[PDB]
Structures are given as C-alpha cells and as structure tokens.
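# Breakdown of the fold
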Amino acid sequence: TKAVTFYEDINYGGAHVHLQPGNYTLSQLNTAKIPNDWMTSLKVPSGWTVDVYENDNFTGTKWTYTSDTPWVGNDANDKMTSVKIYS
Ligand code: NI
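Residue numbers count from 1 along every chain, following the sequence as written rather than necessarily the entry numbering; any residue without coordinates is not displayed. To obtain the side-chain values, all non-hydrogen atoms of the structure were included, while hydrogens and water were left out.

For this deposition, the record names X-ray crystallography as the technique by which the model was determined and cites 2.0100 Å as its resolution.

So, in structure tokens, the structure goes:
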C-alpha cells in the first residue's frame, strides 16, 4: 500500500503518520493521530500530490508538495491544519 508519511520533526524525525489519498479536515487528522500545528516534514510517493492547508476545511494558505520533503518551509512548518492528498 502506497501512502504519504507525515513527520513531526525536521528530516523525517519524531512521530509519524501514514495517510492514503483523501481530503482530511483538522478533526480527521487528529483522529489519525496527527495533531494541529505539528507537521514539519513528509514523504510523497512518486506521482502523488499533497496540498497542505494553513487553516481547517482546506482554506488559508496552501503549500504543495510533489516529492519527499525534509523541511516544509518556514511558513508551512507546524501549520498544517487540513490537507488534500492525490494519487
Ligand atoms: Ni511507519
């Protein structure tokens, strides 16, 4: 099973969580054990797209990742509140 992996810390450190494609609100992230304001790095399967949103329900600033990322950027860091994952 291919999945996006979200990591708590820089360079894929700390706690991590795997998620299949989908559109996850903040509550859904928390249910899958991803707290708010937590994600710092992520791995993305080849050909996939991850749209990280600053606020809930897929709003606010949107950062897009299409490959493995040891650091999501200073603005994006610990700001993920909702996210859309595409294969
Ligand atoms: Ni794992």
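### Structural notes on the UniProt feature "binding site: Ca(2+) 2" (unreviewed entry) in the protein chain
Note the threshold: UniProt positions are given in the numbering used here, feature names are shortened, and annotations may be inferred rather than shown by experiment. Under the scheme used here, helices are H or I runs from DSSP no shorter than 4 residues and strands are E runs no shorter than 2 residues, and both carry numbers assigned from the N terminus. Under the scheme applied here, a residue whose accessible area is under 20% of the maximum for its type counts as buried, over 50% as exposed, and between as partly exposed, the area being computed with a 1.4 Å probe on protein chains only. Only heavy atoms matter for contacts: two residues are in contact if any of them lie within 4.5 Å across the pair.
If you check UniProt for "binding site: Ca(2+) 2" (unreviewed entry), the listed places come out as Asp-37 and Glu-54 in our numbering. Annotated residues spanning 18 residues; largest pairwise C-alpha distance 8.9 Å, indicating a single compact cluster. Tracing the chain through its elements places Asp-37 in the loop between α1 (26–31) and β4 (41–43). A relative accessible area of 41% places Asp-37 in the partly exposed class. Contacts of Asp-37, omitting those with residues within four sequence positions, involve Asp-78, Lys-79, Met-80 and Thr-81.

### Examining the environment of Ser-82
As for its position among the elements, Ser-82 is in strand β7 (residues 82–86). With 18 residues separating them in the primary sequence, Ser-82 and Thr-64 have C-alpha atoms 12 Å apart. Setting aside residues no more than four positions away along its own chain, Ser-82 makes contact with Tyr-24, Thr-25, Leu-26, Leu-29, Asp-51, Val-52, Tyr-53, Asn-55, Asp-56, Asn-57, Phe-58 and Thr-59.

### Let's talk about the nonpolar core
Filter applied, for reference: Each nonpolar core is a collection of buried residues, namely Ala, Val, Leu, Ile, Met, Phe, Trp, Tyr and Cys, held together in the definition by side-chain atoms within 4.5 Å.
Residues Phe-6, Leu-42, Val-50 and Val-83 are the most contacted members of the largest nonpolar core, which totals 21 residues. Residues within four places of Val-50 in sequence aside, it is in contact with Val-4, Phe-6, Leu-42, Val-44, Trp-63, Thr-64, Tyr-65, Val-83 and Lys-84.

### Here we look at the coordination of the nickel ion
Six octahedral donors around a metal ideally make angles of 90 or 180 degrees; four tetrahedral donors ideally make 109.5 degrees. Basically, it comes down to this: For Na, K and Ca the donor cutoff is 3.2 Å, while for all other metals N, O and S atoms count as donors only within 2.8 Å; water does not appear among the atoms, so some sites may look incomplete.
Listed as protein donors to the nickel ion are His-16 (NE2) and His-18 (NE2); their distances from the metal cover 2.1 to 2.2 Å. What makes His-16 partly exposed here is its relative accessible area of 41%.

### A short note on the packing of aromatic side chains
Selection criterion: A pair of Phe, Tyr and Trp rings is counted when the ring centres sit within 6.5 Å of each other, with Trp represented by its six-membered ring. The angle between the planes then sorts it: under 30 degrees is stacked, over 60 is edge-to-face, the rest tilted. Only when the NZ atom of a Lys or the CZ atom of an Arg is both within 6 Å of the ring centre and within 35 degrees of the ring normal do we say a charge sits over the ring.
As enumerated under the stated definition, the model contains 2 aromatic pairs in all. With a centroid separation of 5.4 Å and 65° between ring planes, the pair formed by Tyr-7 and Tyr-12 is classed as edge-to-face. Taking the ring centre of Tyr-12 as reference, the NZ or CZ of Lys-43 above it sits at 5.0 Å. Its end group placed over the ring of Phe-58, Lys-84 keeps NZ or CZ at 5.0 Å from the ring centre.

### Description of the UniProt feature "binding site: Ca(2+) 1" (unreviewed entry) in the protein chain
As annotated by UniProt and renumbered to match this structure, "binding site: Ca(2+) 1" (unreviewed entry) occupies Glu-8, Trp-38, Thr-40 and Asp-78. Taking the farthest pair of C-alpha atoms as the criterion, the annotated set spanning 71 residues converges on one region, since that pair is 8.3 Å apart. Examined against the element boundaries, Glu-8 turns out to sit in strand β1 (residues 4–9). Beyond its immediate chain neighbours, meaning those up to four positions away, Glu-8 contacts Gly-13, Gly-14, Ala-15, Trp-38, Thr-40 and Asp-78. Position of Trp-38 relative to the elements: it lies in the loop between α1 and β4. Among the residues examined, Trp-38 registers a relative accessible area of 9% and is labelled buried. The contacts of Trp-38, once residues within four sequence positions are left out, are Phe-6, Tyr-7, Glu-8, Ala-15, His-16 and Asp-78.

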